[PDB]
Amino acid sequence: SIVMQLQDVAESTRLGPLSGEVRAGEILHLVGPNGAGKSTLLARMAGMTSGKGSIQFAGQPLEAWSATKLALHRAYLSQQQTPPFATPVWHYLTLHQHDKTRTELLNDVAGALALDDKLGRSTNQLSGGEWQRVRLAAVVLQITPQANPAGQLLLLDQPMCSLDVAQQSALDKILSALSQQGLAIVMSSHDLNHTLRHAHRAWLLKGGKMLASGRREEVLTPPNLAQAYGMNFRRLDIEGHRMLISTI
């Protein structure tokens, strides 16, 4: 059930050599400071880049996948993307679907992120958050197991930024459901508390190298976080919420 497997992945002095594995139905979070090299690793995992090291995806290696078959088993969301001109949402979304036949799916998935009323609006005419939701919905539609039996991995580069509290929570529900249906999900998060609450496994990174990896609770320990970010951290558990405070 291992979907992804990295060995000795490296890239200049911006991403030291790493080696891990990604299981089929676990939400992995990539955490680490600016300059840790999360976006780099993620892009590489997506097949968007080649370089040092080697990684295997679905029992076959990435360098041996066609850009087209790859987009059937993997969906990637770059950290920043600029909206196209005068492109209606409904069109941008349906453009990511492999099975354009399923329109009920587009209404439920776009509906979950509250894009019901906005299907007819052009994408260069949205709030920052709204567009970000549009991106997220497209990429979900591209890999939703309810319409794609080929979908496995789903990488996401900080897909929670600019989303209001409510929407953040909604996406949490969405990804939760995909992971429950057996779909690997890998993403960076700068919100430690959120990782502690929603991630299964984490990868702490710093200066390109890997510091800690494993259960989210055995990774985000105040001493580890002290090495990575350079600051004291207190753990706390109130009413059963396991938050993370900083002693600044």
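Quick note: we count residues from 1 along the sequence shown, nothing fancier.
Give the stretch, out of 213-221 and 58-66, with the larger mean C-alpha temperature factor in the deposited entry.
Stretch with the greater average CA B-factor: 58-66.
Out of 193-201 and 177-185, which one has CA B-factors that are higher on average in the deposited record?
Comparing 193-201 with 177-185, the higher average CA B-factor belongs to 177-185.
Out of 77, 150, 95, 165, which residue has the highest Cα temperature factor in the PDB record?
Top of the list by C-alpha B-factor: 150.
Is the Cα B-factor recorded for residue 52 in the lowest, middle or highest third of its chain?
For residue 52, whose C-alpha B-factor we compare with every modelled residue in the chain, the answer is the highest third.
Where the record places residue 121 (Cα B-factor, split into thirds across the chain):
Residue 121: CA B-factor falls in the middle third of its chain.
Pull the Cα B-factor of residue 135 out of the PDB entry and bin it into the chain's lowest, middle or highest third.
Ranked within chain, residue 135 CA B lands in the lowest tercile.
Once the chain's modelled residues are ordered by C-alpha B factor and cut into thirds, is residue 35 in the lowest, middle or highest one?
Lowest third - that is where residue 35 ends up once the chain's C-alpha B-factors are sorted.
What third of its chain's C-alpha B-factors does residue 89 belong to: lowest, middle or highest?
Lowest third of the chain for residue 89's C-alpha B-factor.
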